[PDB]
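K.L.:
Would you mind keeping the following structure in view while I ask a few things?
Laboratory data are not the source of any read-out in this text; all were calculated from the coordinates shown. Positions of Cβ are backbone-derived with ideal geometry, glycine not excepted, and every protein chain shown enters the neighbour counts.
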Amino acid sequence: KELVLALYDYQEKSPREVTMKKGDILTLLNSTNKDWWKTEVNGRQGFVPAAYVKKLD
């Protein structure tokens, strides 16, 4: 799908979340929710704070 850029680091704080590092290029899986977007980072899926990533369209 689309690609998003991680603006900050973020360690998952819940079972459904995923961890990311600043500069990470994540595959955006679902952006229907305003605060959390589902993504795929090096081998795993989970949500991250939508505000901590930028769309690379």
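K.L.:
Select from segment 1-36 the residues that are loosely packed, with under 15 Cβ neighbours inside 10 Å and touching a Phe, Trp or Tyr at 6+ places or on another chain (Cβ under 7 Å) and write down the one among them that is farthest from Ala51 (Cα to Cα).
P.N.:
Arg16
K.L.:
Only residues that are surrounded by 12 or more Cβ atoms within 10 Å (Cβ to Cβ) and not aliphatic (A, V, I, L, M): list them for segment 37-46, please.
P.N.:
Listed by number, the residues that qualify are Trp37, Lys38, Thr39, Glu40, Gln45, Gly46.
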